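Everything on this sheet refers to the single structure shown next.
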Amino acid sequence: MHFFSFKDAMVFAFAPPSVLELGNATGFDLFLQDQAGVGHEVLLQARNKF
Amino acid sequence: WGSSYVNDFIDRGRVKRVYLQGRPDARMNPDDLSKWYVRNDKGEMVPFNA
């Protein structure tokens, strides 16, 4: 609450997972790709859209 | 004759090569090579058959 409520800068504070060997961070993980060679701009929008 | 590789260039997202070879018709036959002229130290243009 202290800082993620600043327009100054994001301050996302968090704890590591149960087994540190895989992560630094809990929950899920994935990658959006570019199989067409659409270029950076589309994929960047796709990230936000998503 | 021996298509020289010079550097890369991006193509639709991807690093690919840039080759530099003489025209097809200038490397077909034994006398076809006498066509290729070189530089002369004194600025002039020395032939290959020389």
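In the structure tokens, chains take letters A, B, ... by order of appearance, with residues numbered from 1 within each chain and ligands from 1 in the order shown.
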
Determine, counting only C-alpha atoms, which protein, DNA and RNA residues have an atom within 10 Å of an atom of residue 43 (chain A); residues of the same chain fewer than 4 positions away are not included. Present the result as a ChimeraX atom specification.
/A:32-34,37-39,47-49

What would the file look like if the residues just selected were written as a compact mmCIF listing (two decimals), in the first residue's frame with N, CA and C atoms?
```txt
# COMPACT_ATOMS: atom_id res chain seq x y z
N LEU A 32 4.38 -14.52 -24.78
CA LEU A 32 3.63 -14.29 -26.00
C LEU A 32 4.67 -14.15 -27.08
N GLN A 33 4.49 -14.78 -28.23
CA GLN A 33 5.53 -14.82 -29.29
C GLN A 33 5.10 -14.08 -30.56
N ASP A 34 5.78 -14.33 -31.68
CA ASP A 34 5.62 -13.63 -32.93
C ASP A 34 6.05 -14.64 -34.00
N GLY A 37 6.43 -12.81 -37.91
CA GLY A 37 7.33 -11.67 -38.15
C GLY A 37 6.51 -10.43 -38.38
N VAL A 38 5.49 -10.25 -37.53
CA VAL A 38 4.65 -9.04 -37.50
C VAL A 38 5.48 -7.82 -37.17
N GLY A 39 6.51 -8.01 -36.35
CA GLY A 39 7.31 -6.91 -35.79
C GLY A 39 6.93 -6.46 -34.38
N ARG A 47 0.78 -7.57 -25.97
CA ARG A 47 1.06 -7.65 -24.53
C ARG A 47 0.06 -6.86 -23.66
N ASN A 48 -0.32 -5.66 -24.12
CA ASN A 48 -1.22 -4.75 -23.37
C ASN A 48 -2.66 -5.14 -23.47
N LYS A 49 -3.08 -5.41 -24.72
CA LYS A 49 -4.36 -6.04 -25.00
C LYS A 49 -4.62 -7.17 -23.99
```

Using only C-alpha atoms and a cut-off of 10 Å, which residues of chain B sit close to chain A? Please list them as a list in words.
residues 11, 12, 13 and 14 of chain B

Can I get the selected residues back with N, CA and C atoms, as a CSV table (one decimal), in the first residue's frame?
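Saved as result30.csv:
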```csv
chain,number,residue,atom,x,y,z
B,11,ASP,N,16.4,-9.2,-42.0
B,11,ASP,CA,15.4,-9.4,-43.1
B,11,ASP,C,14.2,-9.9,-42.4
B,12,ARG,N,13.2,-9.1,-42.3
B,12,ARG,CA,11.9,-9.5,-41.9
B,12,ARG,C,12.0,-10.1,-40.4
B,13,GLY,N,13.0,-9.5,-39.7
B,13,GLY,CA,13.1,-9.9,-38.3
B,13,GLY,C,14.4,-10.6,-37.9
B,14,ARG,N,15.1,-11.2,-39.0
B,14,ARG,CA,16.1,-12.2,-38.8
B,14,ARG,C,17.4,-11.8,-39.5
```

Run DSSP on the backbone and give me the residues of chain B it puts in strand (DSSP E), as a count of residues only.
19

For CA of residue 2 (chain B) and CA of residue 21 (chain B), quote the distance in Å rounded to one decimal.
6.6 Å

What's around residue 49 (chain B) at 12 Å? Count only C-alpha atoms, leave out sequence neighbours fewer than 6 positions away in its own chain, and write the answer as a ChimeraX atom specification.
/B:30-38

Got time to write the residues from that selection, N, CA, C and O atoms, as a PDB file, in the first residue's frame?
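Output file out.pdb is given in full below:
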```pdb
ATOM      1  N   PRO B  30      36.675 -20.360 -69.239  1.00  0.00           N
ATOM      2  CA  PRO B  30      38.078 -19.994 -68.997  1.00  0.00           C
ATOM      3  C   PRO B  30      38.531 -18.615 -69.481  1.00  0.00           C
ATOM      4  O   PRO B  30      39.391 -18.016 -68.859  1.00  0.00           O
ATOM      5  N   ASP B  31      38.029 -18.166 -70.628  1.00  0.00           N
ATOM      6  CA  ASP B  31      38.390 -16.842 -71.180  1.00  0.00           C
ATOM      7  C   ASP B  31      37.481 -15.748 -70.610  1.00  0.00           C
ATOM      8  O   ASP B  31      37.821 -14.561 -70.624  1.00  0.00           O
ATOM      9  N   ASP B  32      36.322 -16.173 -70.113  1.00  0.00           N
ATOM     10  CA  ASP B  32      35.364 -15.319 -69.417  1.00  0.00           C
ATOM     11  C   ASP B  32      35.974 -14.610 -68.188  1.00  0.00           C
ATOM     12  O   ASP B  32      35.483 -13.570 -67.771  1.00  0.00           O
ATOM     13  N   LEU B  33      37.032 -15.185 -67.612  1.00  0.00           N
ATOM     14  CA  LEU B  33      37.779 -14.549 -66.507  1.00  0.00           C
ATOM     15  C   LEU B  33      38.707 -13.400 -66.889  1.00  0.00           C
ATOM     16  O   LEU B  33      39.026 -12.573 -66.030  1.00  0.00           O
ATOM     17  N   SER B  34      39.164 -13.363 -68.146  1.00  0.00           N
ATOM     18  CA  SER B  34      40.005 -12.261 -68.634  1.00  0.00           C
ATOM     19  C   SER B  34      39.260 -10.919 -68.634  1.00  0.00           C
ATOM     20  O   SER B  34      39.881  -9.858 -68.619  1.00  0.00           O
ATOM     21  N   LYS B  35      37.930 -10.983 -68.616  1.00  0.00           N
ATOM     22  CA  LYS B  35      37.077  -9.807 -68.439  1.00  0.00           C
ATOM     23  C   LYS B  35      37.346  -8.986 -67.158  1.00  0.00           C
ATOM     24  O   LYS B  35      37.068  -7.785 -67.155  1.00  0.00           O
ATOM     25  N   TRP B  36      37.835  -9.617 -66.081  1.00  0.00           N
ATOM     26  CA  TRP B  36      37.949  -8.959 -64.751  1.00  0.00           C
ATOM     27  C   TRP B  36      39.180  -8.090 -64.596  1.00  0.00           C
ATOM     28  O   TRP B  36      40.274  -8.603 -64.394  1.00  0.00           O
ATOM     29  N   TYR B  37      38.994  -6.775 -64.645  1.00  0.00           N
ATOM     30  CA  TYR B  37      40.122  -5.842 -64.568  1.00  0.00           C
ATOM     31  C   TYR B  37      40.379  -5.447 -63.104  1.00  0.00           C
ATOM     32  O   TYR B  37      39.445  -5.335 -62.295  1.00  0.00           O
ATOM     33  N   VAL B  38      41.659  -5.245 -62.794  1.00  0.00           N
ATOM     34  CA  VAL B  38      42.146  -4.868 -61.458  1.00  0.00           C
ATOM     35  C   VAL B  38      42.668  -3.418 -61.498  1.00  0.00           C
ATOM     36  O   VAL B  38      42.819  -2.830 -62.575  1.00  0.00           O
TER      37      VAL B  38
END
```

Please run DSSP on the backbone and report, as a list in words, all residues within chain A that come out as helix (DSSP H, G or I).
residues 40, 41, 42, 43, 44, 45, 46, 47, 48 and 49 of chain A

Would you work out the distance separating CA of residue 13 (chain A) from CA of residue 30 (chain A), expressed in Å to one decimal?
20.6 Å
